[PDB]
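Naming follows writing order (A, B, C, D and E), and every chain is counted from residue 1.
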Amino acid sequence: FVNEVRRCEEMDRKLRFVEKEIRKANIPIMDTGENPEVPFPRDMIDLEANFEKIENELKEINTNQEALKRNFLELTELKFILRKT
Amino acid sequence: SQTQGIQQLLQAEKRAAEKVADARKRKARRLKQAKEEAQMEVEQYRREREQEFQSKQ
Amino acid sequence: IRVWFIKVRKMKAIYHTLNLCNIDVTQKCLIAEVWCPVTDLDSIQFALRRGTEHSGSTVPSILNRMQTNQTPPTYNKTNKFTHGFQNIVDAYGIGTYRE
Amino acid sequence: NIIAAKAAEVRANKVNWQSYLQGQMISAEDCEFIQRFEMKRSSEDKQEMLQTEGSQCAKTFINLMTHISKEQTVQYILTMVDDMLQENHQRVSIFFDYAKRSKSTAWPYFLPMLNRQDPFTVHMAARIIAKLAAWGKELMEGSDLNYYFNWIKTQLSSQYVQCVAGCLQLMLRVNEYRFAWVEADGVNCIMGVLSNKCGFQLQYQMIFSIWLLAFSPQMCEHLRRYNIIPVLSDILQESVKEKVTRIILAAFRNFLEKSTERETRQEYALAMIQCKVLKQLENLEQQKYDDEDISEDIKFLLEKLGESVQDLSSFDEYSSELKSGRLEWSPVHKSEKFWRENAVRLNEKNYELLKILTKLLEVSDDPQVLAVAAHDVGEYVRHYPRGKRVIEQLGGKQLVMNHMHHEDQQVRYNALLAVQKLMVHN
Amino acid sequence: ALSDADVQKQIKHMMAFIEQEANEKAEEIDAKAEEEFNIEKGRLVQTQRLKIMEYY
């Protein structure tokens, strides 16, 4: 049953990553409660699959925007070049 | 009590092995039998087709 | 996020308890042996029945009395005004059964 | 199990048949028959039962149980008589209760019964029915059962339902009459019982019956015009009972082993389109089972879906759909290989396909095709910057900029991904 | 006792299981035998048909 064990592990790791992202977003939690809301379907597997896909495009846009600001630095260099004559 | 815990296994194992072996030997005999019955029908067709050869002549 | 946090926590916990079983050679019914309070076994029966409704497969989910020579663990029912003293007394160790 | 408990309580009491030893009301001569060979266990009695030839078995008992109007005793008498029919490994073989003089006794006597589903008449009639699939007899008139209410009554609604369902499982054995009844409207009845919610065991035996039907390729072609396989994947997803999965796996194996014509048997791709079952197969891979058949079947499923994706991995079908404007979630659209290598093919003469996509941007407002086209353009510019320059010549950047404000938010995000791809060296 | 009756009804439950899956696998094996018979008979009767065609 170590298959269940390490899939639990990888959901844990993905959740830790998105937690770090939210800490960088400085959005506090609200703790609505309702502690007994854990069901028993196999739908949880493809739900967390959807979620890991979701933060995969989060990583994608992260690299895109840091490279975009990298480019924008040369863009500001270009407009400063335009300023001088 | 604890005795069913092996009787389950033994009955299931017998019911599996018996039918598996049955199918193996059944196929082994059936290939040959299919050949011989096919040949029997074949020679019956030979005979009746000799008959309508004679009628056609 | 928090609902999925607690969900995955419960999932790994129950899978660890599943690891804490006896896999029969091929019997589809697991076999376990668990200490149960003598004052709540009927509540446990109700829980087993609840397992039957929440998963409808005509499954019996039986719990049966049996005896052993092994020493049972000791338990104490504390509360708000009894838990701290129980921590105090148990910080030094635990005594034999029915002490 | 109604029938099991009924047989058990039957076995606890024996009728006093001797009181009517020579009474025509109850077995004037059949009492002497049942007196003989009371040691039915003995194989000597089994092989000497044929000495009767059926002159009393199924020739005197026949049209005699109906004569005995007393239900309370005739039920026990008939079920004790046909307990031999119940076990019946080969003790009948080729209709040892022969009665060759009239065939009315053998096959067509089932017509008066199929009524009174409570005095065991219907269950006994079903047992009599279930004596030709794997036996030495054949029913001349298949329409005398195929359009009869012994299966139309059980199509609704209850142990009798699965009992007659098991009898029907026994029926579906040889293609000759299976095809005949499949040509009838009973296929739509099978679909009707597929749609309604019922017990898991009924669904289980139903999928086994689909397995029985799977043996005939022409029947597979006939039923290919329905969406059964999506339903199969749905029931696989919703329930896991460790034998229904086995039967479904074997059914897919037999479907794709009987592929007379893959050109029309598009199930290999349609099952993927209507449900991404490959993740379920991957999940089942992680669990080791004692049945090697499951491992062989999952390996076969994996490899055949592999070359299914290879079949769907092509460029000329994509171009044909591009001309027709059909822009679905094709496997080629998610195919990393296609974008990695065949992007050079998209550098056509005048880039006509890309131009057609550009036109589709300003004429087609459908969110789905627009998302597909946006992602395709983004990948194309990702793998060919000069194509991006040609697009900027065409002014497509401002067009996608107009499309970022579309009412479908996910299309806005797809166009955003395409734009993000457009921003390399820009 | 209550647990005693539970044990006996468990015995009938596992007998029911045994017969269920055992009948199942029995029909599985028998069916597989049937299709293998069908293909082998088809092959051999096909060869016989061919020879018939040339002779006639």
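The rule is short, and it goes like this: a contact is a pair of C-beta atoms (placed from the backbone, for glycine too) under 8 Å apart; a residue touches a chain by one contact, two chains touch by 3 or more.
The chain list, named the UniProt way, goes like this: D = V-type proton ATPase subunit H.
**Student:** By label order, what chains touch subunit C and subunit D together?
**Tutor:** Shared contacts of subunit C and subunit D: A, E.
**Student:** Taking contacts as defined above, which has more of them, A-C or D-E?
**Tutor:** Most C-beta pairs in contact, of the two: A-C.
**Student:** Could you state the distance in Å from the CA-based centre of subunit A to that of subunit E?
**Tutor:** The computed centroid separation for subunit A versus subunit E comes out at 53 Å.
**Student:** Could you state the distance in Å from the CA-based centre of subunit D to that of subunit E?
**Tutor:** Taking the average C-alpha coordinate of subunit D and of subunit E, the gap between them is 18 Å.
**Student:** Once you find the CA centre of subunit A and the CA centre of subunit D, what distance in Å lies between them?
**Tutor:** 42
**Student:** When the centre of a chain is set as the mean of its C-alpha atoms, what distance in Å lies between subunit B and subunit E?
**Tutor:** Taking the average C-alpha coordinate of subunit B and of subunit E, the gap between them is 13 Å.
**Student:** Multi-chain contacts in subunit D: which residues touch at least two other chains?
**Tutor:** Subunit D, residues with two or more chain partners: not present.
**Student:** Residues of subunit B touching 2+ other chains?
**Tutor:** Expected reply: 8, 12.
**Student:** Can you list the residues of subunit A that touch 2 or more other chains?
**Tutor:** none
**Student:** Which pairs of chains touch one another in this structure?
**Tutor:** A-C, A-D, B-C, B-E, C-D, C-E, D-E
**Student:** Which residues of subunit D touch subunit C in the complex?
**Tutor:** It comes out as residues 200, 241-242, 290.
**Student:** Inside the complex, what are the residues of subunit D that reach subunit E?
**Tutor:** Per the touch definition, subunit D meets subunit E at residues 1, 134, 169, 173, 212, 215, 243.
**Student:** Write out the stretch or stretches of subunit C touching subunit E in their complex.
**Tutor:** Residue list for subunit C touching subunit E: 28, 60, 62, 64-65.
**Student:** Mind listing the subunit E positions that touch subunit D in their complex?
**Tutor:** Residues in contact with subunit D: 16, 21, 24, 27, 30-31, 34-35.
**Student:** Please name which positions on subunit B make contact with subunit C in the complex.
**Tutor:** 5, 8-9, 12
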